[PDB]
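Protein sequences appear in the order of chains J and a. Under the entry's author numbering, read the first sequence as residues 2 to 57, first letter to last. Under the entry's author numbering, read the second sequence as residues 150 to 163, first letter to last.
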Amino acid sequence: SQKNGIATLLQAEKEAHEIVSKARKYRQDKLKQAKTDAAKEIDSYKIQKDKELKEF
Amino acid sequence: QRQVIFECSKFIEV
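What follows is the structure in structure tokens.
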């Protein structure tokens with residue numbers, strides 16, 4: 002059980018490290034997404050102002 | 150430091 006037990010440890014540690022990295026990956030990706038989904042809101046509001054500026 | 154590697158690779162091989 003010497004290398005079976007160590008095998009258990011080694012595999013668990015790879016698996017923990019990867020789940021936590023997946024949540025960290027998720028945070029990077031959401032902050033970039035925030036930067037993206039704010040870029041969309043700006044130019045729909047600007048063209049709204051362009052539309053009623055054209056009425057003048 | 151050589152011996153604590155020789156006596157701890159053996160513990161994993163057991």
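Note that the Cβ used here is the ideal one computed from N, Cα and C, for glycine as well.
Where does residue i fall in DSSP's three states?
| i | result |
| --- | --- |
| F160 of chain a | helix |
| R151 of chain a | coil |
| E42 of chain J | helix |
Check whether the Cβ atoms of residue i and residue j lie closer than 7 angstroms to each other.
| i | j | result |
| --- | --- | --- |
| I161 of chain a | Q3 of chain J | yes |
Please identify the residue among the options whose C-alpha is closest to the C-alpha of residue i.
| i | options | result |
| --- | --- | --- |
| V163 of chain a | J:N5, J:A39, J:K47 | J:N5 |
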